[PDB]
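# Analysis of the macromolecular model
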Amino acid sequence: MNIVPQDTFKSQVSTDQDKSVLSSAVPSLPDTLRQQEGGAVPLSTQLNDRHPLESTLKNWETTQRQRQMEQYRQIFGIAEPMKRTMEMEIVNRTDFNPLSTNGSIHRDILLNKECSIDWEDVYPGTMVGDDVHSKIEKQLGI
Amino acid sequence: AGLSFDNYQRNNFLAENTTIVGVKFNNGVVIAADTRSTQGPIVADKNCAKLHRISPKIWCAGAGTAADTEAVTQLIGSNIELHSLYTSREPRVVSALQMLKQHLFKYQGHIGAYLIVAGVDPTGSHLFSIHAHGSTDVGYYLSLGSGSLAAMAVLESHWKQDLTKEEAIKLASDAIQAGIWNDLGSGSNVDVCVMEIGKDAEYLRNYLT
Amino acid sequence: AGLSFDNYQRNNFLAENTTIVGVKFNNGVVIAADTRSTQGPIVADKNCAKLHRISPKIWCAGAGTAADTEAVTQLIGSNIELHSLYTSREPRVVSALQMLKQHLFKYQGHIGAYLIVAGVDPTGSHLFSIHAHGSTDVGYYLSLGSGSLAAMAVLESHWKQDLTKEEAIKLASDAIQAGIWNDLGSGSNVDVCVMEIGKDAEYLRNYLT
Amino acid sequence: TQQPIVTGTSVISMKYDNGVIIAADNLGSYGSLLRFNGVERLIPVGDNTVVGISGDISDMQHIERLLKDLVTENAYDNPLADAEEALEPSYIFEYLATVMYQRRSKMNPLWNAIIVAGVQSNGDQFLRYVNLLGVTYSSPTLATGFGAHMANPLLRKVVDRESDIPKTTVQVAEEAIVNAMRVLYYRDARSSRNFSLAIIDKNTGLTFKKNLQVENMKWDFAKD
Amino acid sequence: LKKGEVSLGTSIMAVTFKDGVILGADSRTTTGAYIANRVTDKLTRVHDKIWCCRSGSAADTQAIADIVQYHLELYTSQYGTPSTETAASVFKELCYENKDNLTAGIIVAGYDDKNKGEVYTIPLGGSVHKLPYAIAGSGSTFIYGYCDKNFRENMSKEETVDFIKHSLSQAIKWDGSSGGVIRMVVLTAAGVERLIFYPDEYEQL
Amino acid sequence: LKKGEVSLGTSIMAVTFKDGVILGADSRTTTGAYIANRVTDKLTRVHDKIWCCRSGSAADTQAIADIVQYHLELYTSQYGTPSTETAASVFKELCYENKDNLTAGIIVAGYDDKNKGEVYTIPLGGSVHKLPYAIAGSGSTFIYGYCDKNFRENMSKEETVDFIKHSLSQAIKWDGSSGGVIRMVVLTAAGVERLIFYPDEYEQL
Amino acid sequence: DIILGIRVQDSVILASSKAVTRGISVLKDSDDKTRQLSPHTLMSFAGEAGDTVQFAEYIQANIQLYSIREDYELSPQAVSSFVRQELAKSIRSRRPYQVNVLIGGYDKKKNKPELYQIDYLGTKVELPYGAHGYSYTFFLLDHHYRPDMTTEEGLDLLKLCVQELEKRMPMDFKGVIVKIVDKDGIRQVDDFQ
Amino acid sequence: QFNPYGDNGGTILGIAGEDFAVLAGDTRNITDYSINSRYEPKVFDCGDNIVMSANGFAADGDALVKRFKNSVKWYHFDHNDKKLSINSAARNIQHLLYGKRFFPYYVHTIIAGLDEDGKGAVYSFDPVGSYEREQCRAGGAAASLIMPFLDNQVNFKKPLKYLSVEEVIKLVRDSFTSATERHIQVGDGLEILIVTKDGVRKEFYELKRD
Amino acid sequence: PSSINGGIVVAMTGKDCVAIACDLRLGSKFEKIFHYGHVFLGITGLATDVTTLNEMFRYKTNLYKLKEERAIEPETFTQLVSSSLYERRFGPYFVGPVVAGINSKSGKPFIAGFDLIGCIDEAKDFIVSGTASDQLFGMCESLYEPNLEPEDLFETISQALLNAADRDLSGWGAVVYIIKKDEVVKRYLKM
Amino acid sequence: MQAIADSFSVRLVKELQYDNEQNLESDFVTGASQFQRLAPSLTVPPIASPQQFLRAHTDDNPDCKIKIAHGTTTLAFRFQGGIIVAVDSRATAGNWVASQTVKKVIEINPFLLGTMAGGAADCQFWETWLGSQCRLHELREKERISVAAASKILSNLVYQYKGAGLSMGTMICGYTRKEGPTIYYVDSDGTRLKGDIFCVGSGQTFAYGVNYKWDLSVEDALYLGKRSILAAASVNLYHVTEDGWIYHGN
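Residues numbered from 1 in each chain as written, not as in the entry; some residues may be left out. Chains lettered and ligands numbered in written order. Part of a larger assembly, values for the part shown. Heavy atoms only, no water.

### Notes on the overall build of chain J
Put simply, the rule reads: Secondary structure elements are taken from DSSP: a helix is a run of H or I of four residues or more, a strand is a run of E of two residues or more, and numbering for both begins at the N terminus. Here the term buried applies to any residue with accessible area under 20% of the maximum for its type, exposed to any over 50%, and partly exposed to those in between, with areas from a 1.4 Å probe on protein chains only. Note on areas: Shrake-Rupley, 1.4 Å probe, and residue coverage restricted to the protein chains presented here. Within this scheme the basic residues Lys and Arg register as positive and the acidic residues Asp and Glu register as negative, but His and the chain ends are omitted. Where a charge lies is defined by one atom per residue type, namely NZ (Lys), CZ (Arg), CG (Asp) and CD (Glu).
Looking only at helices and strands, one finds eight helices and twelve strands in chain J. Here the C-alpha coordinates of chain J stretch approximately 80 × 50 × 35 Å along the principal axes. Per-residue burial for chain J yields a buried fraction of 55% across its 250 residues. Just so you have it, chain J exposes about 11,300 Å², and 50% of that area is on carbon and sulfur atoms. Here chain J holds 23 positive side-chain charges and 25 negative ones, and the gap between their average locations is 5 Å.

Printed below as a string of structure tokens:
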């Protein structure tokens, strides 16, 4: 029954937290070349000096959806949130368009956003590793 | 996606080193504003249109951060147009109010837009005030801006329940004129928009001068 | 003349770079204290006399800045002795209270002395509490110090109007003992002073050991 | 959390030969305003445990919800949920202390001081304390807030060591608790004259007394 | 709590009587010393016979009330008319779970066939308390004594109306953030009745 | 105002009635939440039929009261019994001229053959106001309405005693800084009468 | 750390102080503030601690990857543009760090030398001469610089600038390592500044 | 901002003998100038003949001891009930302490036991895991008083190597009695755990309660 | 060479004798112990304040001897030091003083210590001043015994100073005074 | 699908925060996986300013302060016979008795040595971790790791946590067949500096009087290191050759 997103801060850090860009020479350390972030961005700098509204904006829709699911569980039972989550998982799982970033029509229908526009829709948005094969590897988990 | 937070730390490091009225009358609503646009003490424009159109019969006028006001008005107008196409019905002022309120509450007051929204729909005539943090209020006559106190004084002087269209137009014009004369933020002209039930909206640019 | 303010700026520049009770009984008053003297967590002295004599039948015990307490008590004692010689009369507790109150108010709380003053004079028996800023209060039983809450609990448990000398002595000793046991600031011994109307003052050093 | 708004003052408790006694007043304050009268701060869990809570009232109600859910989850599919699989005071305290320390470590604490009192299934007395920092300790007498500074000295004169526990009857302990509550009402500005008390005995079970009032008040020497 | 945010300096009362419950409030909304709205309606309807009044942040309380009304519509689609206790529980959960980010206090007045009129108060922090009558707002502090001297159980409708009118008139008299007209809603088995009283009437009490 | 200074969180009332004036107060002195003295006498006598109650800093008010008593003795040595207005003027001058360094508020109740009982209030700042009755202290805020609904001019002595007792009982009930016994002084042409009421009496009102 | 650079008619001369970290006494004979991006493009950098070295090594790795992939060498202009983009990117989500880079190269398609300077905010300026770290050598450069100066005259001007710098610094300033980029590649002047 | 740390000042002392070890501590638990309890033990038997104490903020020390004991349980489960040596326990505790490098436990930790050769061993830890083996170490409020007493009594004066268990117990008791006489935070009681080849034995003595 | 702030002073009482000792920086003149006939004063803390206090007390003791026609006793000197320290209530000297001596008429040994505003701590066993070593107080507590002979008292105080010096090195020295009713012995320790 | 049902089927576990796998692992509920991480997991306070929190709570009564390594003089230099490392061995005094000699030089492996400066715990922990990484690398590649690779691993590790609060300065010294003898200096600021002579600590200027030539014998180099440490001021000496480090003691 949350309105503003909560529990947004990280509680533990490690040098191998980002499993997708781990170095092959030293698997305990990240691969800075394939990160393509400028080469001078330690993870610790991401723990401080953040805009206070960024976490609220990034997790707003998920928080509203979780509150809706909790209300359904309280009023309708377990089956209703179970079915909503199952439908959303099925739709999101079988969509794989490496050349596009726009969401599916069916996802918008499920989210009741058929005729709704937010700034995420208006503003939806290298040398190394920005190709189809990286997306294939991330999708398949290989 | 969405509004970006990039260069926030960089900008912090670099830093370390108007009269608007709305009046209800017996068969509709009227919104009015001044036309002076300033950049500090300098008058940037002597003829600026401050009345904006959410939908053909729903209009609004804002204060605060000008870019935020324009962007929020346009986004809500797009949502209203899409919703009207989806439902095949005339848009309602209550729907625009709900969208504006929830959008402003989502950003926790960081979008500095303060609005007066007037409109006519199949349910009738409506007038609302909207605050940046997401609170909304209803009223028969409203004022906004740096000249809102003088305009509100005029409105409190000459407002009554049985107002015709002409009386309402004159009252709104007088309130804007008082804000023009007694406030350094206003002064050039008066723009009016009249929304009457069952008729098209009437937009009067430079009604007085 | 008076207390000096020299080296105040120099000291600023360098910086930039106990249980006490008083109980009334039907024919007099009793004051009691503990004997532990500490400098931080270290016990400096296990047998320290905290009961001071303003006049032969007017005694007091203090807390706060120890040097301030001693200096103020001695100054008021000198004034009381001179006044008694001038008037050729036994000093009154009210006079000492007035002198202490006005002296402490003159310094606007910068003299950190908090006192319990008990005494017997030709007008009767008196017990007072004195705050650093100059406020004073009257009471039948009073407590002071870091162990004042436990002592006050004991006093509230076993106090009544018709108290004999022995009952009052036992009650004060029990209050000091509670402060001794339950407070880290107290603990060693109990010093008592009994002032009875028409008799000499009785100073019992280490009444409880 | 991060600030208390509506609060209760203090809870006191002691051990006697055959059980434990706990007590707390019925006031919820709103700063200097004595706003809510009729707040129950002793929560009976099972037939053998009583939990006293001081501090934030909303967090206290959250803890009450947690205790009720704990009882319900213990019951569940257990056939002998009340005969041999009933909750013990030690289990309840262990859960509560774990919660308190975990929420302290999250910088999202519950602003309360909690005393758990009861009798174990083998007849042993249980009396332990936890607070918002997760600090826990046990003693033959326990108190929170102002009571810790005034009730404990009075209660330790009756039960000063472990060997004093077998020598203390229920009547003496109850009288000591009542006198301590009277002293607190005398000297605590956020206290109330109405209080509740709970006796947990290995023979007579749980006795919960409500609507108890401080009596025999010496308001007579103020005339002069 | 937020900088430059609209606050609710109101006077709120809710009294249980023999036939049901009555909820009353003033009609003043101010920004500092300026009166932004002198005819605001503070009686919020979340269900046909479940109403509330709000204190604290206006935006936060409006969002919470909208979510509660949506929740009660969902509940009604399943099990029919909800009880006042259920609405109070939903309000309490929303206020308590978001107390670190939202400032909200709610007085809830309800009627149902089972409980026959109830009042709940949820002050800042999120705790809930059930009371025979409740007062809230900046102007309530001035009528704590008077109400305590003039409330009786099982009063008639007219006596309850008079008690609320007198108490709110005093609250308006002494509180600068309170003023305007007095608005009341009467919830009984017969239905919902709205009442309004004007300054020239209650200022002569 | 000064750091670590004793404040006066009291409940003070002064009521003018047909035969004279009555001044009433509670008897609680607190340091934060701890009650430093539960039987303190707050009725300060500056002349035989001129009494006062103090609020704000205890030391500042005590010093001001002592200076006022000395001033009134000097005045009496010359012209006889002073009027309540003269004492109020001296209090006002002392409070106003030192308002940048001292925090003091005074309620003055007096009787004399010419004016027949008067009440003056000097709040923080040093302004003076003459009133038929006055309330002050942290607990006064809770009885603003009740007093406004229950004061009448030219009441008898018993009615005034009852009014003060009820008002102070409510103030004690709702204010944490107020408690203990209720002490009153009655000033008439007959003389000075002291009264005390205990908690077991006024808590059952 | 101080860096200087002069673009003369047919080459680019880059001078970097062979300084050490503070609080630790070090003996070494290497230029640690210069990375060879390509056989005809050199980069000198100055600023704070290892952030700058991390950035320089990241840039070098990217440019070497491009050279291997295309079997071709990027022009100095493209290299400078890529460096500017990466520097702007690196501070889009963190507090900016002090860094200043001079990129000197010889374009063989145009057959001419080029010199660029990028500051800590990502501002790229094409200059005939530049410097960073100096608290005035600018007037000395202005009075004694011509576009058609040979390598020897540029070296003489650099020596004058070095002497002017050293006249107001302690003996802890060991010296400056000088490198030259021209049509034959990158070489080190082992003789003197 | 909410302050998550506290202080429950106590005193502990670990001494390594020739073929035994002792870890002692005062049983007083206090807050500011108040007494929370007069018998709250701070020295615990963790199994496998290892005694542990974490003096300072009591909640952090309790959490650390709980985590170590659970880890020992899993170590016995996963390694055929192998006995955990004292050096391995010290390494585990170092890792547990350093796991909170940016949100540290506010404790000072002492462990004691027998090494592989049967000699007594004591290990001392800094709040973030830096540890060393020592013959003797005192920690807490009265360490600066306890250490000179032992230094005057013993030579590290009969040598420590030839002292018996009873003599070490007497020395610890005398030092704690002196500290109780001099320090306000020390008193009530003293508890000593002795580790030998036969196991762990507990002894308790009373101290001044004022 | 010019850094002399700080230091320690230890005073102890034996049988019909007292001992007062202070640390000293030696190697390659500034002593913190002074005497005024038969009363010894050791001052720790800021060096300028130490010099100022020594000069002021020499002034006052000389005037006292000229007026009273007799040398000042330890108790009277203690009271004088207390009052002089309290005179600077709001600008106090950054010093910790210790007084030792033997009363001539009675023969009783006397030691005392002061805070920076003159509060008197009269101790029957020993006084430690300075913040150079926290374990110095513990070592003195462990080594002190009541009613020691002058040789035993000297050995005890010297051992305490030596152990304190070893706890915290080159150039350190000590000055020790053993005071009897009629004989005063001053010794230097280079260890 | 039934997993979704379990996620939506029910409070107590949520309050215990044990619904998260990391919390269960940290408290050893499901096993000892916490003691099986090649990259250690470091706890941070879940607030907006962890760095300010740590800095405020570390720079303030009991013995619970973070231990700081000795500021004593340490010297490292390289010659044709290998590397000489010399540390002034003068242990500080406290309320404890040392069981044996205290080592200010960390033995990373039988071929690598590191020097402690700043935070003792940081140096010890991260150099032991570096030894584990080097052992794994040597097992994988079937060859001894070069000094440059190990120093770079440590530098990258400390750079990932730059500004969090770590304080350390170390000298990695090693003799390999390919590189010869090599000395790097790595600190918590991310700097990684190859060198010939390093003097760190108080008195580094006096010890930097190193009479130095690449033809010194082993005995001459040991004597020179001892004399330099004495001039800075017992001395602990280490001689690192291709076959490993040898401890002399003096």
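### Describing the overall build of chain H
As a reminder, the rule being used: The globule rule used here is 2.2 Å times the number of residues to the 0.38 power, and the radius of gyration it is set against is calculated over C-alpha atoms.
For chain H, the count of helices and strands is four helices and eleven strands. Relative to the compact-globule value of 17 Å for 210 residues, chain H shows a C-alpha radius of gyration of 17 Å, a close match. Seen through its principal axes, chain H has C-alpha atoms that stretch 55 × 50 × 25 Å. Split into buried and exposed, the 210 residues of chain H put 65% on the buried side. With the model as given, the accessible surface of chain H reaches about 7,700 Å², and the carbon-plus-sulfur share is 46%. Put simply, chain H has 26 plus and 29 minus side-chain charges, and the middle of one group is 1 Å from the middle of the other.

### Re helix 3 (residues 93-106) of chain C
All names here are of chain C. Going by this rule: Between the first and last residue of a helix there are one fewer steps than residues, each counted as 1.5 Å, and that sum is the expected span.
With 14 residues, helix 3 extends 20 Å between its outermost C-alpha atoms, agreeing within 8% with the 20 Å of an ideal straight helix rising 1.5 Å per residue. Here helix 3 has its buried residues at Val93, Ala96, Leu97, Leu100, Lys101, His103 and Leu104. Within two residues after helix 3, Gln108 carries a phi angle of roughly 55°, on the positive side.

### Brief notes about the pairing of strand 5 (residues 34-37) of chain F
Residues and elements named next belong to chain F. What counts is decided by this rule: Only strands joined by at least two bridges in the DSSP assignment are considered to pair.
Sheet topology places strand 4 (residues 29-31) next to strand 5; three bridges connect them, and they run antiparallel. If you follow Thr30 over to strand 5, its bridge partner there is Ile35. Between strand 4 and strand 5, which follow one another and run antiparallel, lie two residues, and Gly32 among them has a positive phi close to 65°.

### Topic: the side chain of C:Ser173
Condition: Here, residues are in contact when the closest pair of their heavy atoms is within 4.5 Å.
Tracing the backbone through its elements, the reader meets C:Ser173 in helix 5 (residues 165-182). Discounting chain neighbours no more than four positions away, the residues touching C:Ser173 are C:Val190, C:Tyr207 and C:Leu208.

### Overview of the arrangement of the chains
The interface with the highest contact count, out of 20 pairs of chains in contact, is the one between chains H and J. A minimum C-alpha distance of 22 Å separates chain B and chain H, which share no contact. One finds no contact linking chain E with chain J; the least C-alpha distance across the pair is 13 Å.

### Regarding the sheet that holds strand 13 (residues 192-197) of chain F
Residues and elements named next belong to chain F. Formally: Axis lines are fitted to C-alpha atoms, over the contacting stretch for helices. Their N-to-C directions set the angle, which ranges from 0 to 180 degrees.
Across the sheet, five strands lie side by side as 11-2-3-12-13; this open sheet has antiparallel pairing. Two strands bound the open sheet, and with one partner strand each, they are strand 11 (133-137) and strand 13. The mean inter-strand angle of the sheet, taken between neighbouring strand axes irrespective of direction, is 15°. Along the sheet, helix 4 (residues 157-174) makes contact with strand 2 (11-17), strand 3 (20-25), strand 12 (182-188) and strand 13, crossing strand 2 at roughly 160°.

### Regarding the interface of chain F and chain C
The cut-off we apply is this: Note: buried area is the sum, over both parts, of the accessible area (probe 1.4 Å) each one loses when the two are combined. Salt bridge, as applied in this entry: a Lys or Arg side-chain nitrogen positioned within 4 Å of an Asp or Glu carboxyl oxygen. Contacts described as polar in this section are N or O atom pairs within 3.5 Å, which, within protein, must combine one atom able to donate a hydrogen with one able to accept it, while residues neighboring in sequence count only if both atoms come from side chains.
Tallying the contact residues gives 16 residues for chain F and 13 residues for chain C. Between chain F and chain C the total buried area reaches about 1,100 Å² when both faces are included, carbon and sulfur atoms providing 49% of it. In terms of surface lost to chain C, no three residues of chain F exceed F:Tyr34, F:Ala59 and F:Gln62, which account for 33% of the buried area on that side. Scanning the region where chain F abuts chain C turns up two salt bridges. With a shortest N-O distance of 3.0 Å, F:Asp66 and C:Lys101 are connected by a salt bridge. Across the contact surface, chain F and chain C share six residue pairs in polar contact. For the side of chain F that touches chain C, the element with the highest residue contribution is helix 1 (residues 58-79) of chain F, accounting for six residues.

### Some remarks on the environment of D:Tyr137
Along the polypeptide, D:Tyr137 turns up in strand 10 (residues 136-138). Taking the relative accessible area as the measure of exposure, D:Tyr137 reaches 6% and is therefore buried. In contact with D:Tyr137, not counting residues within four places along its chain, are D:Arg128, D:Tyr129, D:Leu142, H:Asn29, H:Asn36, H:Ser37 and H:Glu40. Within the structure, the side chain of D:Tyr137 is placed 3.4 Å from the side chain of H:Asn36, a separation counted as a polar contact.

### Describing the sheet that holds strand 10 (residues 176-182) of chain G
All names here are of chain G. Sheet architecture is open: five strands sit in the order 9-1-2-10-11, paired in antiparallel fashion. Only two strands of the sheet have a single partner each, and these edge strands are strand 9 (129-132) and strand 11 (185-188). Pairwise comparison of adjacent strand axes, ignoring direction, gives a mean angle of 15° for this sheet. Helix 4 (residues 151-166) contacts strand 1 (3-8), strand 2 (11-17), strand 10 and strand 11 of the sheet and is inclined by roughly 155° relative to strand 1.

### Here's the deal with the packing of aromatic side chains
One pair of aromatic rings is described through two measures. These are the centre distance and the angle between the planes. The condition that has to hold: Classification of ring pairs uses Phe, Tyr and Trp, with its six-membered ring standing for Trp, and accepts pairs whose centres are within 6.5 Å; under 30 degrees between planes counts as stacked, over 60 as edge-to-face, and the remaining range as tilted. In our convention, an over-ring charge means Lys NZ or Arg CZ found within 6 Å of a ring centre and within 35 degrees of that ring's normal.
Enumeration over the complete set of coordinates arrives at 56 aromatic pairs over all chains. Chaining the aromatic ring pairs together yields one cluster made of H:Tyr98, H:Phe102, J:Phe125, J:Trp126, J:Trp129 and J:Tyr161. When the ring centre of B:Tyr140 is taken as origin, the NZ or CZ atom of B:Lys24, which lies over that ring, is 5.5 Å away. Sitting over the ring of I:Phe154, I:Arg187 keeps its end group 4.4 Å from the ring centre.

### Topic: the interface of chain J and chain H
For an interface, size is often stated in terms of accessible area lost upon the parts coming together. At the interface, 42 residues of chain J touch 44 residues of chain H. Both sides together, the interface formed by chain J and chain H hides about 3,900 Å², and carbon and sulfur atoms give 60% of it. For chain J, the biggest contributors to the area lost against chain H are J:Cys64, J:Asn95 and J:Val97; these three give 17% of the whole. Linking chain J to chain H there are three salt bridges. Where J:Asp122 meets H:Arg101, a salt bridge forms, and the shortest distance between an N and an O atom there is 2.9 Å. Along the contact surface separating chain J from chain H lie 17 residue pairs in polar contact. Elements with a contribution of two residues or more to the side of chain J that touches chain H: strand 1 (42-43), helix 4 (50-58), strand 4 (96-98) and helix 5 (120-141) of chain J. Top contributing element to the side of chain J that touches chain H by residue count: helix 5 of chain J, with seven residues.

### Topic: the UniProt feature "active site" in chain J
Residues and elements named next belong to chain J. What counts here: UniProt positions are given in the numbering used here, feature names are shortened, and annotations may be inferred rather than shown by experiment.
Within this structure's numbering, the places UniProt gives as "active site" are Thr72. Relative to the helices and strands, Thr72 is located in the loop between helix 4 and strand 2 (74-79). Excluding residues within four positions of it along the chain, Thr72 makes contact with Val87, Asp88, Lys104, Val200 and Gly201.

### Topic: the UniProt feature "binding site: bortezomib" in chain J
Within this numbering scheme, the UniProt entry marks J:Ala120 as carrying the feature "binding site: bortezomib". In this fold, J:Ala120 is placed in helix 5. The contacts of J:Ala120, once residues within four sequence positions are left out, are H:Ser130, J:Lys67, J:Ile68 and J:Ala69.

### Side note on the pattern of salt bridges
Applying the stated rule across the entire model yields 91 salt bridges over all chains. One salt bridge connects C:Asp174 with C:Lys170, and the closest N-O pair in it is separated by 3.6 Å. Pair noted here: C:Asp174 and C:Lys170 are both in helix 5, with a separation of four residues, about one helical turn. The class for C:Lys170 is exposed, based on a relative accessible area of 54%. Where salt bridges share partners, they join A:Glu61, A:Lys113, A:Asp118, A:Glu120 and B:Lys106 into one cluster.

### Looking at unusual backbone geometry
Although it is not a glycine, H:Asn49 adopts a positive phi angle of roughly 60°. Positive phi is not limited to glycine here, since I:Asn147 has a value of about 60°.

### A word on a nonpolar patch on the surface
Filter applied, for reference: Within the patch definition used here, like charges are joined within 9 Å and nonpolar side chains (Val, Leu, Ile, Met, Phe, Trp, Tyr) within 5 Å, considering only residues with over 30% relative accessible area and no salt bridge.
Side chains of C:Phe13, C:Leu14, I:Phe94 and I:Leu116 sit close together on the surface and give an oily, nonpolar patch of about 330 Å² of accessible area. Tracing the backbone through its elements, the reader meets C:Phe13 in helix 1 (residues 8-16).

### Thoughts on a negative patch on the surface
All names here are of chain I. Among the surface-exposed residues, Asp16, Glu149, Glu151, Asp152 and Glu155 lie close enough to one another that they form a single negatively charged patch. You can see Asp16 is positioned in the loop between strand 1 (9-13) and strand 2 (18-25). Residue class for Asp16 comes out exposed when judged on its relative accessible area of 51%.

### Quick word on the environment of E:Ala14
All names here are of chain E. By secondary structure assignment, the location of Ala14 is in strand 2 (residues 11-16). According to the relative accessible area criterion, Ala14 is buried, its value standing at 0%. Distance in space between the C-alpha atoms of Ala14 and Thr121 is 9.3 Å, their sequence separation being 107 residues. Discounting chain neighbours no more than four positions away, the residues touching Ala14 are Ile22, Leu23, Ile107, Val119, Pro132, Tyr133 and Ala134.

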